[PDB]
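In PDB author numbering, the protein residues as written are 3 to 125, 127 to 261. Yeah, the Cβ is synthetic: ideal placement off N, Cα and C, and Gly gets one too. Following: one structure in structure tokens, then a few remarks.
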Ligand SMILES: [Zn+2]
Ligand SMILES: [Zn+2]
């Protein structure tokens with residue numbers, strides 16, 4: 003029972019191998035806009051992706067992922083609620099079997115069509132190994148996708164998906180600019196949480212953007228062509244690869260905007 007998203011190995015089963023799944027600071031959560039309170043002390047987010055160097059794109063059996071060279075301070079995230087500078091290591095997506103669902107975070111219980119996660123680690128903790136042991140060792144920038152006009156910045160990604168259809172396939176993926184994946188506003192919500200996949204470590208400062216990016220139906224249709232399965236294995240279409248909202252428990256969600 004390697005983990006997945008189906009009836010027999012999905013999010014309801016994860017706690018058996020990773021008991022932190024019933025922990026105190028699990029993600030995603032629902033963001034209720036009545037209770038997510040504006041914090042005037044929150045600094046604007048600093049996203050510097052201009053020197054990002056992408057390495058590869060891969061189907062890992064739970065999503066598709068684009069990886070980055072994190073050997074030095076090129077593509078970094080800082081400011082906002084964050085201490086120190088955070089290096090981008092990868093991004094991936096979550097999406098649904100139809101446009102009406104797919105995002106992991108929700109806003110006033112509304113599910114978006116997809117959710118993009120840009121994963122960064124805190125350099127003040129030396130390496131990724133020591134970072135994930137710390138409550139703010141990772142920062143994940145979360146961005147909602149809604150269906151509308153095409154995002155030109157997403158095109159180079161979706162157009163190579165046919166080359167990584169099944170679990171375990173990968174391809175060289177150089178000179179991709181993650182700047183093209185961002186909405187206009189960097190207005191955000193932030194709270195302390197976890198990885199939304201095993202091992203579910205409670206090491207993430209979540210930064211979820213208020214403004215969704217719009218992507219075309221054509222584009223999101225390319226997401227749904229991916230497989231959970233390996234090459235030549237019976238088809239398990241990669242859709243609904245999202246963990247549902249987990250209990251907020253004691254936590255406060257802060258808004259950077261009024
Ligand atoms: Zn994996
Ligand atoms: Zn994710």
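- For residue 213, no beta strand (DSSP E) run applies, since DSSP gives it neither H nor E.
- Counted as a single uninterrupted DSSP element, the stretch harbouring residue 9 is not any alpha helix (DSSP H), since DSSP gives it neither H nor E.
- With a threshold of 7 Å, the Cβ atom of residue 96 counts as near ligand 2, since some heavy atom of the ligand is closer than that.
- Taken in chain order, the whole beta strand (DSSP E) runs of length 3 or more contained in the region 12-45 number zero.
- Taking the C-beta atoms as reference points, residue 163 is found nearer than 8 Å to residue 59.
- Taking each of 170, 20, 216, 155 in turn and checking the Cα distance to residue 185, the smallest one comes out for 216.
- Contact annotation: residue 153 and residue 49 have beta-carbon atoms that are not nearer than 8 Å.
- Shown here for residue 22: same chain residues with a beta carbon closer than 6 Å to its own, the five before and five after excluded, namely 203 in chain order.
- For residue 62, the CB falls within less than 7 Å of some heavy atom of ligand 1.
- Residue 122 has its Cβ no nearer than 7 Å to any heavy atom of ligand 2.
- Counted as a single uninterrupted DSSP element, the beta strand (DSSP E) harbouring residue 173 occupies residues 173-175.
- CA-to-CA, the gap between residue 74 and residue 88 works out to about 11 Å.
- DSSP places residue 149 in the uninterrupted beta strand (DSSP E) bounded by 141-150.
- Bounds of the alpha helix (DSSP H) holding residue 134 are 131-134.
- In this structure, the beta-carbon distance from residue 257 to residue 39 falls below 8 Å.
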